[PDB]
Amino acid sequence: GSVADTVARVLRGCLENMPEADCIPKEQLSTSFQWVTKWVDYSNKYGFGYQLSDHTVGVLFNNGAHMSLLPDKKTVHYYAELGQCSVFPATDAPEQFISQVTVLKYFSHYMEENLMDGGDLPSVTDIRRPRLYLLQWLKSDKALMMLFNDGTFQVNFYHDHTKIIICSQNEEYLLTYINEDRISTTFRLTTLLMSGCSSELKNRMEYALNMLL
């Protein structure tokens, strides 16, 4: 889409115009944003589940619809296959959505039990309107790529358990790298543009881009 091309433009921008370096940029930031902390791929039966930094649980179903359980664990936002948003308590759900609500609770409680948080990025205070949802995702043999409505871009790698997140804060683009020890380092794209980067963050930046294209 237009969102995907925008992120890919700036990611490529920073990539072939950045110096060669020894280490990751020393200028790092202490802010919190929205990102995927836990994820679950059950696409062969139901769909793709993810948990956000504010503890929102979402499901991108195979039929195309979105379902989100809010941090209060009571309220459900449901966007259908064409985009009609319905908001209703999860406890008493219309009998059209019960099947989907059940699966949504199932994802929400698989993640908390079996799965572990992926980074020490500070839990976020929540609100932006409209609310974030996953517009598309794709998986290769090397990495998991997720792109959201608001343009936040995340790629998870399997073996290293390393991650890259590209977000928009105020007027800047941020790149956050999450290393082998689940630890957050956040840069500005501008600073990474002029100051270069490490060998293994640049390899991961190169790969994240190939997934977008």
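Residue numbers here begin at 1 and follow the sequence given.
Which has the higher mean CA temperature factor in the PDB entry, 37 to 45 or 184 to 192? Mean CA B-factor is higher for 184 to 192.
Compare the mean C-alpha B-factor of 75 to 83 with that of 124 to 132 as given in the PDB entry, and name the stretch with the higher value. Mean B over CA atoms: larger for 124 to 132.
Residue 97 - which third its CA temperature factor falls in, relative to the rest of the chain: For residue 97, the deposited C-alpha B-factor lands in the highest third.
Lowest, middle or highest third of the chain for the C-alpha temperature factor of residue 52? Lowest third.
Compared with the other modelled residues in the chain, in which third is the CA B-factor of residue 65? As the PDB entry reports it, the C-alpha B-factor of residue 65 lands in the highest third of its chain.
Would you mind ranking residue 105 by its C-alpha B-factor against the rest of the chain and naming the third, lowest, middle or highest? It belongs to the middle third of the chain when residues are ordered by C-alpha B-factor.
Would you mind checking where the Cα B-factor of residue 168 ranks among the modelled residues of its chain, as the lowest, middle or highest third? Highest third - that is where residue 168 ends up once the chain's C-alpha B-factors are sorted.
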